[PDB]
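Asker: Here's a structure for you.
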Amino acid sequence: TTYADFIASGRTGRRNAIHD
Amino acid sequence: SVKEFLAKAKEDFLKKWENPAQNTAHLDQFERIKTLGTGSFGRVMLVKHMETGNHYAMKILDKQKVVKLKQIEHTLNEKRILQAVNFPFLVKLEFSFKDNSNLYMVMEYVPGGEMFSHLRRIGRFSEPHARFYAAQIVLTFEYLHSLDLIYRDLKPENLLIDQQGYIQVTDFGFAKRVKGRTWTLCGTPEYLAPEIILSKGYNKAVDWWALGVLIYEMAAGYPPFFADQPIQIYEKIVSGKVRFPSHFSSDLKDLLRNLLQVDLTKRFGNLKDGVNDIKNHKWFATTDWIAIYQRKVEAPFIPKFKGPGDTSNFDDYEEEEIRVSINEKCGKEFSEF
Ligand SMILES: c1ccc(CNc2ncnc3[nH]cnc23)cc1
């Protein structure tokens, strides 16, 4: 499922901003 | 009347924008308690103002780190804008000052924690729960955009939940006052509009795309474009192929298709009717806009608070002691702060 793919991803924690 | 409210709000903003408050407190007036959240330039700490007994959230920026990261102008934008704005869903800046080493922004303490924490724990919000939050973002952006401000960092991490279960927008590090188009590559990978990824000149419509990402994430429990690496997220966004959970209402999907519109001539918030295309959309039919602004709508979720100064709605962070150099650093870079 998409939920299981999200939960197993490395992007479920607080996401950092990007710049420049 | 919205036009009338906004014109008066603009008069108020312009006076503070043209004549900014500066050096309104000193570090030794606050007792440092605990770190509420972190960043590239320092931290946001729970503090206690000794004279009043009030608790505040103090953002600390190391001037040398700001300079190294080429965030000087963005930092000056953050403080200049925050001290000038006034809206129920924007965190108040109580004080600002600087010392030899750092920049300080003392803001209203929001004890309920980040929307991010509650969303990840619970999994997803129901459509009425998501609609309640989305409505507050819609009004906040209508207010910011009317003042020529682009927010550029919408995400659950930056949305705090107050004692009344209402949103307080925090972190103005990418906020900018712009009448035309702008070019800076900034924001969060999952929330970036295709215009930003494609190094095009962009405007306020990027905030409306970010609103589409937020509504989707609150109602699905995961964002519409995710992958392990930002480059893979960018490929998904530029295609803009969006798949919706089966549980999303037909009205929710229609709103999201208009918000996550790669074509700027078709994006809601960007058309001739502006924000009204969003506010009058079927998914918002049950929303009383005036009652949202007035905070008279009952919140679907009220956080727990075990008295003043409690931090349990926030994660724990490693503490680093504040060192203030004997020598002034980056004086000229930050003179207007
Ligand atoms: C980035 C996003 C969120 C946080 C947590 N801030 C925060 N927490 C509590 N009260 C506040 N008022 C002003 N800001 C805050 C820190 C960094």
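Asker: Quick one: is B:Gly165 small (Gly, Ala, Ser), out of contact with any helix residue (DSSP H, G or I) (no Cβ under 7 Å at 6 or more places or on another chain) and either more than 12 Å from every other protein chain (Cβ to nearest Cβ) or not in a helix (DSSP H, G or I) (or both)?
Answerer: Yes, satisfied.
Asker: Give the residues of the range B:183-206 that are crowded, with 16+ Cβ neighbours inside 10 Å and more than 20 Å from B:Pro230 (Cβ to Cβ), sorted by residue number.
Answerer: B:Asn203, B:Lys204, B:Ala205
Asker: Follow-up. Could you grab me the full set of residues in the range B:168-202 that are within 16 Å of the ligand (Cβ to nearest atom) and away from chain A (no Cβ under 14 Å)?
Answerer: Of everything in the range B:168-202, those that are within 16 Å of the ligand (Cβ to nearest atom) and away from chain A (no Cβ under 14 Å) turn out to be B:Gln168, B:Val169.
Asker: Listed residues B:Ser250, B:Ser335; which is more than 21 Å from the chain's Cα centre (by Cα), over 29 Å from A:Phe6 (Cα atoms) and without any contact (Cβ under 8 Å) to a residue 24 or more places away in the chain?
Answerer: B:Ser335 is the lone residue from the list that is more than 21 Å from the chain's Cα centre (by Cα), over 29 Å from A:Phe6 (Cα atoms) and without any contact (Cβ under 8 Å) to a residue 24 or more places away in the chain.
Asker: Residues B:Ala210, B:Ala205: which one is more than 20 Å from A:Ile7 (Cα to Cα), away from chain A (no Cβ under 13 Å) and under 18 Å from the mean Cα position of the chain (by Cα)? Lay out the reasoning, then the answer.
Answerer: On the way: B:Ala210 fails: away from chain A (no Cβ under 13 Å).
One residue alone meets the criteria, B:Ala205.
Asker: If you don't mind, another one. Scan the range B:25-50 for residues that are within 16 Å of the ligand (Cβ to nearest atom) and within 23 Å of B:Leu76 (Cβ to Cβ) and jot them down.
Answerer: B:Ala25, B:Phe30, B:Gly37, B:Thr38, B:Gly39, B:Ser40, B:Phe41, B:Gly42, B:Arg43, B:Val44, B:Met45, B:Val47
Asker: Is it the case that B:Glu78 is within 16 Å of the ligand (Cβ to nearest atom) and of a type in the set (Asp, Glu)?
Answerer: yes
Asker: Oh, and also: Restricting to the range B:93-120, what's the tally of residues that are away from every other protein chain (no Cβ under 14 Å), within 14 Å of the ligand (Cβ to nearest atom), assigned to a loop (DSSP other than H, G, I, E, B) and touching a strand residue (DSSP E or B) at 6+ places or on another chain (Cβ under 7 Å)?
Answerer: 3
Asker: Okay, moving on. Within the range B:1-82, which strands (runs of 3 or more DSSP E) (wholly inside it) include 1 or more residues that are of a type in the set (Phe, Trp, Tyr) and in contact (Cβ under 8 Å) with a residue 60 or more places away in the chain?
Answerer: Hits in the range B:1-82: B:30-38.
Asker: Output the residues belonging to the range B:281-337 that are part of a loop (DSSP other than H, G, I, E, B) and of a type in the set (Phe, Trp, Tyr).
Answerer: Answer for the range B:281-337, where residues must be part of a loop (DSSP other than H, G, I, E, B) and of a type in the set (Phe, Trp, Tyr): B:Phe301, B:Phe305, B:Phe314, B:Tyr317, B:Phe334, B:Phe337.
Asker: What are the residues in the range B:231-270 that are assigned to a loop (DSSP other than H, G, I, E, B), within 14 Å of another protein chain (Cβ to nearest Cβ) and either closer than 21 Å to B:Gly187 by Cβ or small (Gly, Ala, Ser) (or both), if any?
Answerer: B:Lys241, B:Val242, B:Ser246, listed by residue number.
Asker: State yes or no: is B:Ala57 within 16 Å of the ligand (Cβ to nearest atom), outside the structural domain of B:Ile137 (by CATH) and on the phi < 0 side of the Ramachandran plot?
Answerer: Here the answer is yes, as B:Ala57 does meet what is asked.
The values are calculated or read from the model by the stated rules, or taken from the named source; no laboratory read-out is quoted. Note: ideal-geometry Cβ built from the backbone for every residue, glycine included; neighbour counts use all protein chains shown.
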